Amino acid sequence: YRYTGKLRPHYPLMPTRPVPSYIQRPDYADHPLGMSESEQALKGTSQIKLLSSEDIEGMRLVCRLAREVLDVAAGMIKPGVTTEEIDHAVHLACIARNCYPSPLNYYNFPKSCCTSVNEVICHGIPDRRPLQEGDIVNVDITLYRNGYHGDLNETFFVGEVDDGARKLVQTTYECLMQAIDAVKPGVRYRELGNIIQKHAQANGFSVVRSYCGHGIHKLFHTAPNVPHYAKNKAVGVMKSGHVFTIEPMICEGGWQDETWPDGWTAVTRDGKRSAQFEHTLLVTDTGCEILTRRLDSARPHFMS
Ligand SMILES: COc1cccc(Cn2ccc3cc(C(=O)NO)cnc32)c1
Ligand SMILES: [Co+2]
Ligand SMILES: [Co+2]
Ligand SMILES: [Mg+2]
Ligand code: NA
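Conventions and cut-offs
- Residues numbered from 1 in each chain as written, not as in the entry; some residues may be left out.
- Chains lettered and ligands numbered in written order.
- Heavy atoms only, no water.
- UniProt positions renumbered as here; feature names shortened; annotations may be inferred.
- Helix = DSSP H or I, 4+ residues; strand = E, 2+ residues; numbered from the N terminus.
- Expected span 1.5 Å × (residues − 1).
- Buried < 20%, exposed > 50% of the residue type's maximum accessible area, 1.4 Å probe, protein only.
- Donors = N, O, S within 2.8 Å, 3.2 Å for Na, K, Ca; no water.
- Tetrahedral: all angles 85-135°; square planar, octahedral: opposite > 155°, others 65-115°.
- Near = heavy atom within 4 Å.
- Polar contact = N/O pair within 3.5 Å; in protein donor to acceptor, adjacent residues only side chain to side chain.
- Areas by Shrake-Rupley, 256 points an atom, 1.4 Å probe, with all protein chains shown as cover.
- 1 Å grid on protein atoms, 1.4 Å probe; cavity = no way out; pocket = protein on both sides within 12 Å on 5 of 7 lines; lining within 4 Å.
- Sits in = over half its atoms within 2 Å of the grid points.
- Nonpolar A, V, L, I, M, F, W, Y, C, P; charged D, E, K, R; others polar.
- Pairing = 2+ DSSP bridges.
- Contact = heavy atoms within 4.5 Å.
- Axes fitted to C-alpha atoms, helices over the stretch in contact; angles between N-to-C directions.
- Points joined across faces, edges and corners; volume = space filled by probe spheres on them.

Per the PDB record, the structure was determined using X-ray crystallography to 1.2900 Å resolution.

The protein appears in the PDB entry as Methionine aminopeptidase 1 from Homo sapiens. In UniProt, the protein has this text filed under Subunit: "Associates with the 60S ribosomal subunit of the 80S translational complex." In its Subcellular location section, the UniProt entry covering the protein states "Cytoplasm".

Here it is in structure tokens:
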């Protein structure tokens, strides 16, 4: 395998971390290949759940707890900290909140969060590599509580970064917030990628095509499929009571991705950097609510 950039996997991985049996588990947690029978059944259906008041309470809760976990991770980002150390802290934080860390054994993913450095687009595997000054790193959190999944991510700066890194991360966060600003009943899911690509292109960046936003609730990934690029052919119209993610991945060079031999880590084919942000959204009569919002701070972590 020809690595596309400087980054390499740093093995061995610490042994798999267990989740106490007192924590409720999603179906895939105990499937040998990590398959979700509940997802595979609804595969091919493009209808979107209208959440009950009860489902909404369940999503507010898990999304609040997932934000608390991301904030734990954010406090650890500096040179010399390994991504495995971040994951271990995340895993304990989930357990402390009576939550299962959704990524763990999702299609056999080996860790409890995804940590994506520099040319990693998404799904990076926490490992023994110490973070270096100048790195950008995304931590992607998803929790499972009382039957509901809540999903968010942010990109962080590792010490001082270059102007390029600042512009990439800022634009990506802007792409996400412009998409969010367009969400309200009667907007087509396919329109969000028009707004995202328009802002990325204006700043000289490209938009990943291979990975999309998703419906989330009782399933980790379900309808709708939410592409981040322009002139996609997503099916569906937003209605009050729909929950889904927007999670744009923006690249310094081309949009093309490829996967490492580990089967998970997605990287730019050109080796240039990629950044990502994600929120879980509830569509309301007036617009949308950001379920994974910060409660105690106006801005994302990179802004400080
Ligand atoms: C075999 O196919 C693959 C390849 C890579 C990853 C995985 C599975 N998986 C693990 C966790 C995980 C997190 C997200 C997420 O939505 N963040 O917003 C998505 N997929 C995920 C499967
Ligand atoms: Co996520
Ligand atoms: Co997601
Ligand atoms: Mg090394
Ligand atoms: Na990256």
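On we go.
Given 3.6 residues to a turn, an α-helix orients residues that are three or four positions apart in the same direction. Along its 20 residues, helix α4 (residues 163-182) runs 29 Å from first to last C-alpha, staying within 8% of the 28 Å computed at 1.5 Å per residue. Inspection of α4 places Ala165, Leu168, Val169, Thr171, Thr172, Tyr173, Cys175, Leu176, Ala179 and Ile180 among the buried residues, and these make up the whole buried set.

Looking at the cobalt ion (ligand 3), one finds its protein donor set to be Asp151 (OD), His214 (NE2), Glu247 (OE) and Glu278 (OE), positioned 2.0 to 2.2 Å from the metal centre. Taken together, the 6 donor atoms coordinating the cobalt ion (ligand 3) and their angles of 56 to 158 degrees define a geometry best described as irregular. Of note, the cobalt ion (ligand 3) draws all its donor residues from one chain, in the sequence arrangement D-x62-H-x32-E-x30-E. The two metals, the cobalt ion (ligand 3) and the cobalt ion (ligand 2), are separated by 3.2 Å and share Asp151 as a common coordinating residue.

With that out of the way, let us pick up the site of ligand 1. Within the structure, ligand 1 sits among 13 residues, and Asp140, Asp151, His221, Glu247 and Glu278 are positioned closest to it. With respect to ligand 1, the side chain of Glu247 contributes an N or O atom lying 3.0 Å from an oxygen atom. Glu278 has a polar side-chain atom sitting 2.9 Å from an oxygen atom of ligand 1. About the coverage of ligand 1: the protein hides 80% of its 500 Å² of free accessible area. One can see that ligand 1 is located within the largest pocket. A per-class count over the shell around ligand 1 returns 5 nonpolar, 4 polar and 4 charged.

Turning to the coordination of the sodium ion (ligand 5), a few remarks are in order. Protein coordination of the sodium ion (ligand 5) is provided by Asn118 (O), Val120 (O) and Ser274 (O), with donor distances spanning 2.2 to 2.3 Å. All donors to the sodium ion (ligand 5) come from one chain, and their sequence spacing reads N-x1-V-x153-S. Pair noted here: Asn118 is in the loop between β2 (114-117) and β3 (120-122) and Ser274 is in strand β13 (residues 274-276), with a separation of 156 residues, a long-range link. Among the residues examined, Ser274 registers a relative accessible area of 4% and is labelled buried.

This part is about the sheet that holds β13. Pairing within the open sheet is antiparallel, and its 3 strands lie in the order β6-β10-β13. Both outer strands of the open sheet, β6 (206-207) and β13, are each paired with one neighbouring strand and no more. Here 2 bridges tie β6 to strand β10 (residues 249-251), and the two strands are oriented antiparallel to one another. Each residue of the ladder has a partner; that of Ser206, found in β10, is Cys251. Contacting β10 and β13, α4 runs over the sheet at an angle of about 40 degrees to β13.

As a further point, take the layout of surface pockets. For the largest pocket, the calculated volume is near 1,100 Å³. The element best represented in the lining of the largest pocket is strand β8 (residues 222-226), accounting for 4 residues.

A complete count under the given rule lists 1 cavity of 30 Å³ or more for this structure. Taken together, 16 residues line the largest cavity, and the ones lying closest to its centre are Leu7, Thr115, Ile125, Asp127 and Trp260. Considering only residue class, the lining of the largest cavity consists of 8 nonpolar, 4 polar and 4 charged.

A separate point is the environment of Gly287. Along the chain, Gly287 falls in the loop between β14 (279-283) and β15 (288-290). We classify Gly287 as buried; its relative accessible area is 8%. Sequence separation of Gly287 and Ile56 is 231 residues, and the distance between their C-alpha atoms is 15 Å. Beyond its immediate chain neighbours, meaning those up to four positions away, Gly287 contacts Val183, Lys184, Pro185 and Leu282.

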